[PDB]
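# Coordinates in review
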Amino acid sequence: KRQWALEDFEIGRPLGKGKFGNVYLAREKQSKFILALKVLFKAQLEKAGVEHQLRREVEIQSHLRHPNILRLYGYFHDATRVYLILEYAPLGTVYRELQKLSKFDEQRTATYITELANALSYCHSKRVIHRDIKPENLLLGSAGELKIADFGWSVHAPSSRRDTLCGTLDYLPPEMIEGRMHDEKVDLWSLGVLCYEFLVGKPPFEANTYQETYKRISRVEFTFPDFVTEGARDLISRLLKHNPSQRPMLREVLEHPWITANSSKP
Ligand SMILES: O=C(Nc1ccc(Nc2nccc(Nc3cc(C4CCCC4)[nH]n3)n2)cc1)Nc1cccc(C(F)(F)F)c1
Ligand SMILES: [Mg+2]
């Protein structure tokens, strides 16, 4: 097992900056392996009281091995910083791709949903705790394959999402906002919101004010535009159920006729 140090990397341009640190594009000096280096300030972690939580998250992520979950290759520290060595996804976020294309066709959508369901099934089997998944948590690797990232609760990605304010509420399920306990079935709700947003260009409970969005989520009040197809409507409708126990298993998603017919990944 190798013991890394900062001197082992050629640090490149920042990918992100926030209160808690900076992320850089980088390369290993010897091998020229391209990667991303997340650098967190110990002082900020301590001030926020999340040092312990972060270490736990990094340890868990370091052991995960899934094609659709961003790899954490290693980590190290010095007197003032913690350094996480992460996989570089060269094609950016699904958030940005959605901005570029406005909406996705059924093939791209079904493929992404397959990849996410696969990653989530792996997460559930390892009981990996994660925050609700949004397009900005979805990176794209060299093959245009989804990579889940920034999913730890410890520290929030300092990312200029722009849209409205926060933009997290749109992805939260009723049981969460209503203060009930929640379990892994929140992920099925997330997949439904994401499938819809991919095909439509906006999430199903979007409104001009958060007060309206809280209502619409609580009452599962949403509509399909005319162009959304029967199979897509079926999947999304099955996923966006108020009662979490009524949502399907991830295996059912991966076997859904609309998914099998359109996904480029079988
Ligand atoms: O910046 C972040 N995520 C992030 C950053 C940039 C992007 N944009 C982007 N655009 C093009 C390519 C690209 N590739 C990436 C980005 C990454 C990781 C670096 C950190 C998380 C994912 N690997 N590959 N990313 C997406 C997500 N995450 C993050 C989380 C906590 C704390 C900090 C900080 F303190 F260091 F600032 C940061
Ligand atoms: Mg939007």
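- Per the PDB entry, the recorded name for the protein is Aurora kinase A, and the organism is Homo sapiens.
- For this entry, the PDB record gives the title as "Aurora A in complex with CD532".

## Description of the overall build of the protein
- When helices and strands are tallied, the protein shows ten helices and seven strands.
- Relative to the globule expectation of 18 Å for 266 residues, the C-alpha radius of gyration of the protein, 19 Å, shows essentially globular dimensions.
- Buried residues in the protein amount to 48% of all 266 residues.
- Contacts spanning at least 24 positions in sequence make up 60% of the contacts within the protein whose residues lie at least 6 apart.
- Approximately 14,300 Å² of the protein is accessible, and the part contributed by carbon and sulfur atoms is 51%.
- Computed over 39 positive and 34 negative side-chain charges, the inter-centroid distance for the protein is 4 Å.

## As for the packing of aromatic side chains
- Following the criterion strictly, the structure yields 13 aromatic pairs and no others.
- Between the aromatic rings of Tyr196 and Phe222, the centroid separation amounts to 6.1 Å while the plane-to-plane angle is 90°, which identifies the pairing as edge-to-face. Here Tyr196 is found in helix α6 (residues 186–200), whereas its partner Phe222 is found in the loop between α7 (210–218) and α8 (230–239), with 26 residues between them in sequence.
- The exposure class assigned to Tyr196 is buried, which follows from its relative accessible area of 5%.
- With relative accessibility at 18%, the residue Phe222 sits in the buried group.
- Measuring from centroid to centroid gives 5.2 Å for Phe222 and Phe224, while their planes differ by 80°, and the two rings are edge-to-face. One exposure class covers both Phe222 and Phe224, and it is buried.
- An aromatic cluster of three or more residues is present, and its members are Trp189, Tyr196, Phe205, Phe222 and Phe224.
- Note that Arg2 overlies the ring of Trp4, its terminal NZ or CZ placed 5.0 Å from the centroid.

## A few points about the site of ligand 1
- Around ligand 1 there are 23 residues in total, and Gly21, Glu87, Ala89, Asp150 and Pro158 lie nearest to it.
- Between a nitrogen atom of ligand 1 and a main-chain N or O atom of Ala89, the distance comes to 2.8 Å.
- Elements with a minimum of two residues in the shell around ligand 1: β1 (9–18), β2 (21–28) and β3 (34–41).
- Counting the residues that make up the shell around ligand 1, at least three belong to each of domain 1 (4–92) and domain 2 (93–266).

## As for the pattern of salt bridges
- With the rule as written, the count across this model stands at 15 salt bridges.
- Here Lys265 ties to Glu115 by a salt bridge, and the two come within 2.3 Å at their closest N and O atoms. Placement of the pair is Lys265 in the segment after α10 (257–262) and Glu115 in helix α4 (residues 106–125), with a sequence separation of 150 residues.
- Note on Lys265: relative accessible area 34%, which makes it partly exposed.
- On the basis of relative accessible area, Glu115 is assigned to the buried category, the value being 2%.
- Among the charged side chains, a network of salt bridges with common partners joins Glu10, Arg27 and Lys32.

What counts and what doesn't
Residues numbered from 1 in each chain as written, not as in the entry; some residues may be left out. Chains lettered and ligands numbered in written order. Heavy atoms only, no water. Helix = DSSP H or I, 4+ residues; strand = E, 2+ residues; numbered from the N terminus. Rg over C-alpha atoms; globule rule 2.2 N^0.38 Å. Buried < 20%, exposed > 50% of the residue type's maximum accessible area, 1.4 Å probe, protein only. Contact = heavy atoms within 4.5 Å. Areas by Shrake-Rupley, 256 points an atom, 1.4 Å probe, with all protein chains shown as cover. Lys, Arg positive; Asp, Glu negative; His and termini not counted. Charge placed at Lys NZ, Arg CZ, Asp CG, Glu CD. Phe/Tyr/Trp six-rings, centres within 6.5 Å; stacked < 30°, edge-to-face > 60°. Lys NZ or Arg CZ within 6 Å of the ring centre and 35° of its normal. Near = heavy atom within 4 Å. Polar contact = N/O pair within 3.5 Å; in protein donor to acceptor, adjacent residues only side chain to side chain. Domains from an automatic or database assignment. Salt bridge = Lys/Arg side-chain N within 4 Å of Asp/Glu carboxyl O.

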